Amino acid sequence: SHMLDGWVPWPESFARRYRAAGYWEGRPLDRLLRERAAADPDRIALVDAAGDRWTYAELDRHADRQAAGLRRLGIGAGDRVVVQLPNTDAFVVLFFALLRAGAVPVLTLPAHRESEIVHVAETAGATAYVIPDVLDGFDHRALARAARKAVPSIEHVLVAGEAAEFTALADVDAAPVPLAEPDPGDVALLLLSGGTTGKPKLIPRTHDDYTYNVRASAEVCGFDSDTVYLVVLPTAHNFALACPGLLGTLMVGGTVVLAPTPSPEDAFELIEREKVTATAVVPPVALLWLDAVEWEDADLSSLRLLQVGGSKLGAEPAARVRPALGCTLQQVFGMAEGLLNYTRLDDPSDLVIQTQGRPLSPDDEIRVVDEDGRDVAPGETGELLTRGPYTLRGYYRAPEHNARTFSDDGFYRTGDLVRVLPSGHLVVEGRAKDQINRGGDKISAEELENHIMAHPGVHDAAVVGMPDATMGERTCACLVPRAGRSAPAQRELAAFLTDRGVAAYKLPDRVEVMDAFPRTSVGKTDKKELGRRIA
C-alpha cells in the first residue's frame, strides 16, 4: 500500500536486499535536514547570492513553519505540487516544507513553458503550482494563469515575489504543528526527464532510494562539514540537487551557496567570496570557465572539486582542469532515472581524463547489449541497460512507455551507447535514443516534431542532431512543407514554438526543407541518413 498510485515499486526480493545491505535506511527525505540541525544547529547551512545566510536551525524551523502554512492551505498528504523556482533560498525552504507536509514536489526548471508545465501538472494531477513573479524577463504569473486554465486541479498558485491575485510564498507561514512522517518506501518527489517520447516523463524517486543517492554520492565525492558547495545548475536539476548536490551538502553539514547564473561574473565572485570547495557544471560551462580564468582576476584557490556531467567532457579540456582551475576533475555520467557513474577522486589522471566513471553502488547492475538484445563481447560498444537500488522500475503514469523502456526482468534501457573497460569504468560512445543532448539540455525529438508539425506550413518534421564542438549537439529541424504552402524559416518557427509554450533550449538551431524523408526498410525515417543528407 502506497500513498501514490501510478508508479512501479521494486519487487519485494530486491527491496529486502537493499534494506539488508544498508542502502535503504528507512528515513524520510526531510530527515537529513532534521538530523543535521539537531547535531549542528548553529552551522551555516545556506548562503544566497546577496550574502544573506541561514543556520541549520533556522532552515529547519522555517521549513516547519512553511509546512504548517501549506497545511492551512489544504496542501499535503500526497498532493503533487509543481515547483518552478530559481536558485534562491525560497526553493530550499519550500522543498523541505513540502516534504514535511506530506506533499510530493514535481520539480521543473525555470526555462520550462506552457507545454511542459501543463503536461506535468495534468499528468501529476497537481493541486498547486509554485512560481517566481518575473525571472529572466519572463512573467511566470502569466504562465500560471494559462496553466490553471488548462488544468482545473490547480487550486493554489504560490508566488515567490509579487503574488498579484495569487498567494505570496512568504505568507505561507504558521505555527509548527505535529505532522506524521511518510513511509520511506513511498514516492518522495517526481523528477523530469527530457525523455524520448511525445510528452515529458515523470520519474518517481522514493525517500529510501533518493536518500541513498544523496548519502552514497556524498561519500564518493568526499563531501563533509568543511564542504562549501556552489549551486550553479538549477537547484531542481538532479545533478545539483542530489549528486551529491545541495542535499548531500546539507546531509553532511556543509555550506550550500546559491549562484544566480553560471557566468564567471557571478560564479567566480561567489567562489572567492564564500571559499567554495566543490561545484558541478555541464561541459559548455566548464569550457567557459576554463577560458575565462585567463582574463578574470578572481581567486579560485579554494576550489577542490569540479564535477562535470550531463554530456561528455572531452579528453583535451578535461586534462586542462588541474592546470587552469587548480582543482580535481570528476566526470559524472548519471541520469535522473537513477544510475550514477563517478570517476573516483584518486583515480589515476588517465581515468579521470578518458572515462565517464564507474557505478556508484555495489548493487548497480550493468548490461551492455547489441541490437538483438544480446550481451556484447567485453569492451565492445553497445546499449547500456541498468538495474539497481536507486534506478526506477517505471515512469510515473506511463504504462505504454514503461512496456517499451524496461526489460521483463526490470532493466532500464538508458539509450546510451557505452564501452566498459577492464577496471569497470565506462566510456560514453554515443546514443541510441532519439533525443538531442544540447549542452546538457535534453530534447525529445518526437515531442519537438509534434510541436513543429502543428505549424500550418509544416506537413512532416524530422528533428536531427548535429555535432557541435562546444555544445556537443545542436538541433536541426528537417521539414516537409504543407502541400502548396511555404514552410517557416528558423526565426518564424522559433516564434511559433515560443508562443506555443515550448522551452527555449528546444528551439531548432537550423531548418532544412525537403520534399521527402529518407526511410529505412520497415518504413521509419532514417535519421542516420538525415545526418548525412543535411550538412
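Quick note: we count residues from 1 along the sequence shown, nothing fancier.
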(request) Decide, for the other PDB entries of this protein that were compared, whether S521 is missing from at least a third of their models. (result) yes
(request) Look up the CA B-factors in the entry and say which stretch, 70-78 or 83-91, has the higher mean. (result) 70-78
(message) So, looking at the entry's B-factor column for Cα atoms, which has the higher mean, 245-253 or 433-441?
(response) 433-441
(request) Using the temperature factors in the entry, find which of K149, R320, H207, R413 has the highest value at its Cα atom. (result) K149
(request) Identify, among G334, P176, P422, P262, the residue whose C-alpha carries the highest B-factor in the deposited PDB entry. (result) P176
(request) Could you look up the Cα B-factor of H62 in the entry and say which third of the chain it sits in: lowest, middle or highest? (result) highest
(request) Quick one: classify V480 as lowest, middle or highest third of the chain based on its Cα B-factor. (result) highest
(request) Please rank the C-alpha B-factors of the chain's modelled residues and tell me whether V502 sits in the lowest, middle or highest third. (result) middle
(message) Ranking the modelled residues of this chain by C-alpha B-factor as given in the entry, is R145 in the lowest, middle or highest third?
(response) lowest
(request) Rank-wise, by C-alpha B-factor, drop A489 into the lowest, middle or highest third of its chain. (result) highest
